[PDB]
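Next input, structure requested:
(chains A and B)
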Amino acid sequence: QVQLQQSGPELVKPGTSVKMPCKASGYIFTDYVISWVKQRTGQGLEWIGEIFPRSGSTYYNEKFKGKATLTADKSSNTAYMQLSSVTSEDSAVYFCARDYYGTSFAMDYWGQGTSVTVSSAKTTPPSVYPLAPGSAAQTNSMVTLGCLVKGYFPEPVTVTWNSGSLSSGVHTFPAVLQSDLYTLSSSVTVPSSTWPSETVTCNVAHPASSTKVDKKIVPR
Amino acid sequence: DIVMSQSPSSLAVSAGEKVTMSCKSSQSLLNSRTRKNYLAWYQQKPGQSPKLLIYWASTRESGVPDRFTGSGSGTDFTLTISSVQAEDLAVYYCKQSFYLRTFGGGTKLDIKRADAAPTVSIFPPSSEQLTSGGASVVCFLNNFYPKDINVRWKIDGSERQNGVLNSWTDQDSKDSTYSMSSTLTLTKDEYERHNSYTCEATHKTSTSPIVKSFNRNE
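Numbers count the residues shown, from 1 in each chain, chains lettered A, B, ... in the order given. Below is the structure in question.
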């Protein structure tokens, strides 16, 4: 299927170059241009440049000349973008998108984006903790449980419940930064009669450290 | 060399309401071709990659329902949403393909809704955490509206005003509500010097705070 596959979140040190991929599948790589788009967290979409793998021509947003270099390897159906001499201002999500070259000038299929966090800092895995009630209760028809995700760097982490099979009732809070470390939490609400009788587990992933934690929520 | 100007920056309507938003280019986006101004509208929901809704000013993309409608020409363009749904919560971007590309600043769509009060929960620190010289007390204020809410922590009745970290969720795409997290963080030894811990939620929906507490010894 038409699909654009990008590398996972990365921490790089200031002053280094980082090269990121966008592996194409499900369509004719040399018939569509690849566009790159930048997004600082909670800020807008900003076009970087495009490439036409067929010819290898590149066109850039002026602001990214002297910063970004777009390439395409036809033999692997993979486009790459490369940022040089990075700074904290280059911390952002970078998307690739297939900007249709079938005359309808729009990008109809997008990658999942690569989060880049430029800092010197050590990349730290987080500690996951269960949030279970204190031995007191109210509004017992439903019960709320959670996970505390503390002391990681850099963003992002992923929290799911029972491998995505617990879907309803879930709030995952934006991370916030404490003294060079991130912290967030996730809440989940189930029928008071299903817990602890059937299991509830939060599944935390921190791509930047390749850490995957499963914390079963057990009472008390 | 073409700059894009979206307005308004932010936007709030109730479910079922019609809404419109504006996009202007510093130069005309119409080369020729009957129509085909090179102008596209994308919808970006929280934590998702953008989605193409309209191109060539007015042509709807495959699988896009008709309640989204693009219109306009030259340097003046509009996106309309009739019968707004809570699922539509997103930042809406216009992009210009005449020459290179330029995204407009975006318009945030916030949904207006019926006030509702938060369901509050309080959680004492885990055995594990109190095991690494850390004690975080966490208080969830879930499914409320509007987004204004103030939280007051008390330790043995004394309001506590630091070690407090707050975070608001995205407005929920299903019921248009907000939730919030407040985390009070102490050292273990500091936590072990008090008994009663309390979070108090003051929300427009009741002038008397919702109180949740526990005791360390509890």
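
Contacts only, for the residue of chain A positioned farthest from its centre.
What lies farthest from the middle of chain A is residue A:136; by Cα atoms, centre = their mean that is 37.3 Å. By Cβ atoms under 8 Å, 6 or more residues apart in numbering or on different chains, the residues touching residue A:136 are B:214, B:218. Quick note: C-beta positions are derived from backbone N, CA and C, even for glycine.

Could you spell out which stretches of the chain belong to which domain?
Because you didn't say which chain, this covers chain A. Using curated CATH domains, the domain parsing of chain A gives A:2-121, A:122-220.

The chain in question should be chain B.
Chain B is divided into the following domains under curated CATH domains: B:1-113, B:114-216.

will you turn these into CSV that also has distance to chain A?
Below are the domains of chain B laid out as CSV (distance: least, Cβ to the nearest Cβ, whole Å):
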stretch, distance to chain A
domain B:1-113, 4
domain B:114-216, 4
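
Adding mean neighbour count, write those out as TSV.
Shown next, in TSV, are those (neighbours: other Cβ atoms under 10 Å in any protein chain shown):
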stretch	mean neighbour count
domain B:1-113	18
domain B:114-216	17
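
Relative to residue A:154, tell me which of those wins on proximity.
Proximity of the domains of chain B to residue A:154 was assessed by Cβ to Cβ; the nearest stretch is domain B:1-113, lying at 16.2 Å.

that's a strand at residue A:30, yeah?
No - using DSSP: H, G, I helix; E, B strand; the rest coil, the assignment for residue A:30 is helix, not a strand.

Excluding chain neighbours, what is closest to it?
Spatial nearest neighbour of residue A:30, excluding adjacent residues (Cβ to Cβ, 6 or more residues apart in numbering or on different chains): residue A:54 at 4.1 Å.

where's the one you found relative to chain B, distance?
With distances taken as Cβ to the nearest Cβ, to the nearest Å, residue A:54 is found 18 Å from chain B.

repeat for residue A:121
Distance, residue A:121 to chain B, using Cβ to the nearest Cβ: 20 Å.

do you know which of the domains of chain A lies nearest residue B:91?
Among the domains of chain A, domain A:2-121 comes nearest to residue B:91, with 7.6 Å by Cβ to Cβ.

how about the spatially most central residue of chain B, what does it touch?
Nearest to the geometric centre of chain B sits residue B:170, at 3.2 Å (Cα atoms, centre = their mean). By Cβ under 8 Å, 6+ apart, the residues touching residue B:170 are B:46-47, B:89.

what helix or strand is the residue farthest from the centre of chain A on?
Following DSSP states H and E, there is no helix or strand that holds residue A:136.

Could I get the phi/psi values of it?
Main-chain torsions, residue A:136, degrees, to the nearest 10: phi -150, psi 160.

Residue A:46: neighbouring residues, count only.
Neighbour count of residue A:46, defined by other Cβ atoms under 10 Å in any protein chain shown: 18.

That one contacts residue A:62, correct?
No - with contacts counted by Cβ atoms under 8 Å, residue A:46 stays clear of residue A:62, the gap being 11.9 Å.

about what we covered before: thought residue A:31 was touching the residue nearest to residue A:30, still the case?
Yes - the criterion here is Cβ under 8 Å, and residue A:54 meets it with residue A:31 at 7.2 Å.

Can you give me the first-to-last residue distance of stretch B:190-205?
In stretch B:190-205, first residue to last residue: 34 Å (Cα to Cα, to the nearest Å).

no no, stretch A:29-42
End-to-end distance (Cα to Cα), stretch A:29-42: 31 Å.

ok, now stretch A:6-25?
Stretch A:6-25 has an end-to-end distance of 12 Å (Cα to Cα).

what are the ranges of the helices in chain B?
Remark: helices assigned in chain B by DSSP state H are B:188-191.

what about the closest residue to residue A:115 other than its chain neighbours, neighbour count?
Spatial nearest neighbour of residue A:115, excluding adjacent residues (Cβ to Cβ, 6+ apart): residue A:9 at 4.0 Å. Other residues lying near residue A:9 total 20 when counted by other Cβ under 10 Å.

Could you measure from residue A:9 over to chain B?
Distance, residue A:9 to chain B, by Cβ to the nearest Cβ: 13 Å.

Secondary structure element holding the residue nearest to residue A:30?
Using DSSP H and E, residue A:54 sits in no helix or strand.

Tell me which helix or strand residue A:104 sits in.
Going by DSSP H and E, residue A:104 is not part of any helix or strand.

How about it, nearest residue that isn't a chain neighbour?
Taking Cβ to Cβ, 6+ apart, and ignoring the residues beside it in sequence, residue A:104 has residue B:55 as its nearest neighbour in space, at 5.3 Å.

My understanding was that the one you found contacts residue A:106; is that so?
Yes - if you go by Cβ under 8 Å, residue B:55 and residue A:106 touch, sitting 4.0 Å apart.

any residues in contact with both of these two?
Residues touching both residue B:55 and residue A:106 (Cβ under 8 Å, 6+ apart): B:40, B:61.

Residue A:166 reaches residue A:191, doesn't it?
No - with contacts counted by Cβ under 8 Å, residue A:166 stays clear of residue A:191, the gap being 11.6 Å.

mind listing what residue A:100 touches?
Going by Cβ under 8 Å, 6+ apart, residue A:100 touches A:32, A:106-108.

quick one, helices of chain A?
Here chain A has no helices by DSSP H.

Enumerate every residue touching residue A:74.
Here residue A:74 is in contact with A:29-30, A:53 (Cβ under 8 Å, 6+ apart).

The same query, at a cut-off of 10 Å, please.
The contact partners of residue A:74, by Cβ atoms under 10 Å, 6 or more residues apart in numbering or on different chains, come to A:29-30, A:53-54, A:56.
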